[PDB]
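Report on the structure given below.
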Amino acid sequence: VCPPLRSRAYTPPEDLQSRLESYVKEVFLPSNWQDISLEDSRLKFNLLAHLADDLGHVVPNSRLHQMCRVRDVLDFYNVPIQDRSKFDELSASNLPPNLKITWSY
Amino acid sequence: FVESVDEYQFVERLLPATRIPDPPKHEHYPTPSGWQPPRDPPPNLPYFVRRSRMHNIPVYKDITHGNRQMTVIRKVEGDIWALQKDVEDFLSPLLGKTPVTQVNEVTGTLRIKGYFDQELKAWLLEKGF
Amino acid sequence: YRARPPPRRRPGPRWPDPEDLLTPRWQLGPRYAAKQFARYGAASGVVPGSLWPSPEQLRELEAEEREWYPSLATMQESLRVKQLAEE
Amino acid sequence: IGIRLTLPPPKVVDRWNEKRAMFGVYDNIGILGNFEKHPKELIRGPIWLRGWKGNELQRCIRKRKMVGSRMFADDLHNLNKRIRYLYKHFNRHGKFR
Amino acid sequence: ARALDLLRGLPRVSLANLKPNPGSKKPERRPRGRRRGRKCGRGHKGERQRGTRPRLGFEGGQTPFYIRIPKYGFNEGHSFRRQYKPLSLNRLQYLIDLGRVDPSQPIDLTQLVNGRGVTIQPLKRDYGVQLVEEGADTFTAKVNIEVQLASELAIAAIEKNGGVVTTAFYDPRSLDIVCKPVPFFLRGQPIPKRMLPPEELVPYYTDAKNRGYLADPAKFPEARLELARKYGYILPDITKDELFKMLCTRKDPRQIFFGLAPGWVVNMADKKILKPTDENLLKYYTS
Amino acid sequence: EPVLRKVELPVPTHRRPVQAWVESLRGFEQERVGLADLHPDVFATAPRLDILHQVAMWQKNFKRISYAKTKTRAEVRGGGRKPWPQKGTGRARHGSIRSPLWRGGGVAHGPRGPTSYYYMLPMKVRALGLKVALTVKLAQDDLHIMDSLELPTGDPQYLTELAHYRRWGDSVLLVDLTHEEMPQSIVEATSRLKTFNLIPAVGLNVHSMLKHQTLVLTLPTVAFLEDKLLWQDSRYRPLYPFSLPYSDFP
Ligand SMILES: [Mg+2]
Ligand SMILES: [Mg+2]
Ligand SMILES: [Mg+2]
Ligand SMILES: [Mg+2]
Ligand SMILES: [Mg+2]
Ligand SMILES: [Mg+2]
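Residue numbers (the UniProt record's numbering), protein chains in the order written: chain A, 51 to 78, 82 to 158; chain X, 38 to 166; chain R, 25 to 111; chain L, 32 to 128; chain B, 10 to 296; chain W, 45 to 294.
Here it is as structure tokens:
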């Protein structure tokens, strides 16, 4: 049975650095954990899979190679993505009173 | 009448290879033919010039109309514009004017008006590509 | 859908029936058999002894060699007599 | 009046029938199958132009050479006449020399 | 690369997005409209507009240029002239340096072709490879090379480096087999005898100054010393070299490949070599 | 246990292998069962859409044989005699009733016989087209790597629902290594579907990769494609067709 479709909307959590460093400690320690290199496949998979399970939002294959460091992972996860259609993006954008938009699709 | 045998080593010797062999390690460079492997590690320039499948610098003379002489640096990766700036800086003292060039960003090539294949090959060797 | 099975070369030697009129004449001679043996070896079923010339073929080859390819001694003698005549 | 007064019956195309869906499959049979088969061997058509291309004269010459003996009598006569005409046209007519 | 990030931004690449590279598709010109119609680029009435202008080379009745010039034997016998692809010492050194040709083994036309150092076309009357002195002053390889022609300077360079060079003849059939042995092996034929040089070429290949493969080996040291004296280098005693056996290895004058005798059949399918034992066949293939 | 794939072939020093999630078809949620390193020279080449167009057009047109044919004035029935004399009738001059000007006459420049459109791009160009298509799918997030194509069931509804849940495209091209070893479950599931098409690795091509919105590859297919496409790089100029024996070529 198909589960309810996962909404692609994602708002980065406020305690995101804390959660990320907790996961980094769980997976891997030294000072400046931002600069920990993910050249190891095991460690990269563990960290990214944990983050994907926890936040409901995975790094796409296209961006997977540019996650060279925990800093890169943090940058990827602190950028929001909204799944609202263009209809919503326009209508909920403070339309002037003389502008009317309707969608029949 | 028929006598089979296994002297097949002399046939394995005749079988040709489909893959270009990696050049053997030489004690001293440049090699007697002038060839030189790319330096390890690669230079940290914004651009990289990959060797040809025969392990030579991809710099080629080209000619059109019988009078338009050009030189092409072909297998460029990264900042082709940085490479163009470097090539202009390196070639302007030789010409006395900034060389006229075309940057094919799509194909990753740089085309320079005039023949500079030898100078550009030496220059790329010095840069370590 | 599922793709149809990929096209492949017919495995092993291909022996056309000589009785058929539509089989090309080049697929019936000994050269075809020799090529089949070279391509598939023992699996061809070609008797290896047939690859070498039969005694009549060998006699023809020897006659052709005697006729057209002189020995090194004969060539040297002809060159020597030509040089002597020129001198 | 050279225009139809009604809309033609709608033309429905199934973009995902088996032929369209599997179009192109095995076009790389050579470079992905150790070159056992050439992609031109995938071509189905007249025996005289499988994996081959030419102008009309070359096509007609090839057709006569390869299946001329199997051609019907008047078809072969037409092909012979066509080859003769095409020879004259391609070797004696035209803007260029 | 930034281009792949741009792709990530852009819509899906499909069969509705494809466009040829600009400049790779010239527009088709067809004779319709004011500019390209009417007379359609053919001009006013005449032979050229009718399409019936006379053949190329016709000059309107004046005796044509290509006929009023006297016949001269520039190309007489062109298809029977022997051609030899040049292999400069520069090219040989380049191949050895890049490892495409292995100097530790005897170098023959098969090895040159397999390393792609030379391209031989027996159908175009190539009779093999000629060694070329170009690059002699920088040749520093010890090699045992078998060529068809060799210049005096090329021989001198090869021998000064401590190597050996021999000029060996190949008839067109043997040459084709040597250049592409695998197709010959797939032909399923016994390896034929290498024919002797034609009478005109016999003195060349029996002369020791050319290092001919049919020359008296007794005269080789004298010729080598003469070259060393002429070109001012000390002749190295290759017998002392540890690779002397390789440098001495030479195929029999009737032998196409180094380790294969005439008459053998190479079964590549099961990695075997069938050898005839009939006395008549053995005599023929040894003759 | 993560399924990690490393790049078997040597990678250029200045380049780092690109990466993809190894997924599974065994469950709707099994979107990350491993991590695969893909060769950048196959999966991170330059985005040559022009080369994609070249290869796609070659695929469309090289097999084409048009069977359209018209009769010329020589082949139309009849038309031997001159209809009327040159002068006297007051009518236009004509030589046969089958000239192109006439109703029922020949066609002056119609299609002529079965015509082939056959041509071959260089095999290096065709392999490069395959590489570019793979890089494009990966960069646009249409490429999904699977450990295997094994399904819990051969029900097509399961496959369609799995694609819908994982937000795959309307069309999926699943590629398995060889025809024989393809799992029976995926074979049964895809045999009944129109937009989910399953092909062997040897059947991969630019046209089908572009027709299908998403491309699903197994790890053996990834290794196989890397080997085959990278072989085109660093290969010699052929001495004879590669079907013939070579020292190092299977
Ligand atoms: Mg050019
Ligand atoms: Mg005008
Ligand atoms: Mg007119
Ligand atoms: Mg006029
Ligand atoms: Mg008629
Ligand atoms: Mg009609």
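Where is the CB? At the ideal position from N, CA and C, for every residue including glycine.
Residue i Cβ short of 6 angstroms to ligand 2 heavy atom set
i	result
residue 44 of chain B	yes
Residue i: CB within 6 angstroms of a non-hydrogen atom of ligand 3
i	result
residue 150 of chain X	no
Near ligand 4: residue i beta-carbon under 6 angstroms from a heavy atom
i	result
residue 55 of chain B	yes
Any non-hydrogen atom of ligand 1 within 6 angstroms of residue i CB
i	result
residue 154 of chain X	no
residue 99 of chain X	yes
C-beta atoms of residue i and residue j nearer than 7 angstroms
i	j	result
residue 139 of chain B	residue 213 of chain B	no
residue 56 of chain X	residue 292 of chain W	yes
residue 260 of chain W	residue 208 of chain W	no
residue 96 of chain A	residue 77 of chain A	yes
residue 188 of chain B	residue 265 of chain B	no
residue 176 of chain B	residue 137 of chain B	no
residue 243 of chain B	residue 256 of chain B	no
residue 180 of chain W	residue 95 of chain W	no
residue 165 of chain B	residue 240 of chain B	yes
residue 33 of chain R	residue 67 of chain L	yes
residue 229 of chain B	residue 217 of chain B	yes
residue 96 of chain X	residue 145 of chain X	no
residue 83 of chain L	residue 98 of chain L	no
residue 142 of chain X	residue 117 of chain X	yes
residue 114 of chain L	residue 91 of chain L	yes
residue 39 of chain X	residue 72 of chain R	yes
residue 114 of chain B	residue 69 of chain X	no
residue 55 of chain W	residue 46 of chain W	no
residue 123 of chain A	residue 156 of chain A	no
residue 86 of chain X	residue 161 of chain X	yes
residue 173 of chain X	residue 158 of chain X	This structure gives no information on residue 173 of chain X, because the portion of chain X shown stretches from 38 to 166.
From the options, residue whose alpha carbon lies closest to that of residue i
i	options	result
residue 146 of chain B	B/155, B/156 and B/162	B/162
residue 132 of chain A	A/51, A/85, A/108 and A/52	A/108
residue 33 of chain B	W/98, W/53 and W/54	W/98
residue 86 of chain W	W/183, W/48, W/142 and W/141	W/183
residue 251 of chain W	L/68, L/57, L/108 and L/97	L/57
residue 47 of chain L	R/25, R/42 and R/68	R/25
residue 247 of chain W	L/109, L/64, L/74 and L/86	L/64
residue 195 of chain B	R/78, R/55, R/43 and R/59	R/59
residue 323 of chain W	W/160, W/61 and W/245	Any question about residue 323 of chain W goes unanswered here, given that chain W covers just 45 to 294.
residue 285 of chain W	L/55, L/62, L/32 and L/43	L/62
residue 86 of chain L	W/268, W/162 and W/257	W/162
residue 106 of chain W	L/37, L/53 and L/81	L/81
residue 56 of chain A	W/290, W/206 and W/294	W/206
residue 134 of chain A	A/54, A/51 and A/58	A/58
residue 89 of chain L	L/102, L/110, L/69 and L/104	L/110
residue 87 of chain B	B/232, B/134 and B/268	B/134
Residue i CB to nearest heavy atom of ligand 5 below 6 angstroms
i	result
residue 139 of chain W	no
Heavy atom of ligand 6 within 6 angstroms of residue i beta-carbon
i	result
residue 148 of chain W	yes
Nearest-angstrom Cβ-Cβ length linking residue i and residue j, presumed shorter than 8 angstroms
i	j	result
residue 112 of chain B	residue 152 of chain B	5 angstroms
residue 153 of chain X	residue 128 of chain X	6 angstroms
residue 239 of chain W	residue 190 of chain W	Contact doesn't hold; Cβ gap of about 18 angstroms is too wide.
residue 243 of chain W	residue 219 of chain W	6 angstroms
residue 99 of chain B	residue 144 of chain B	3 angstroms
residue 61 of chain R	residue 75 of chain R	7 angstroms
residue 70 of chain A	residue 126 of chain A	7 angstroms
Cβ-heavy atom distance, residue i to ligand 8, below 6 angstroms
i	result
residue 197 of chain B	This structure lacks ligand 8; the ligands present are ligand 1, ligand 2, ligand 3, ligand 4, ligand 5 and ligand 6.
For the stretch 46-125 of chain W, which segments carrying the beta strand (DSSP E) assignment without a break, of at least 3 residues, lie completely within its bounds, in sequence order?
47-49, 62-67 and 78-82
Every unbroken alpha helix (DSSP H) inside the stretch 167-213 of chain B [4 residues or more]
181-188 and 190-195
What are the start and end residues of each continuous alpha helix (DSSP H) run of 4 or more residues lying completely inside the stretch 41-114 of chain L, in chain order?
49-52, 60-63 and 87-98
Taking the runs of the alpha helix (DSSP H) that are 4 residues or longer, which of them lie wholly in the stretch 104-158 of chain B?
118-123
Identify every run of the beta strand (DSSP E) within the stretch 100-142 of chain X, keeping only runs that are complete inside it and at least 3 residues long; order them along the chain.
105-110, 113-115 and 138-141
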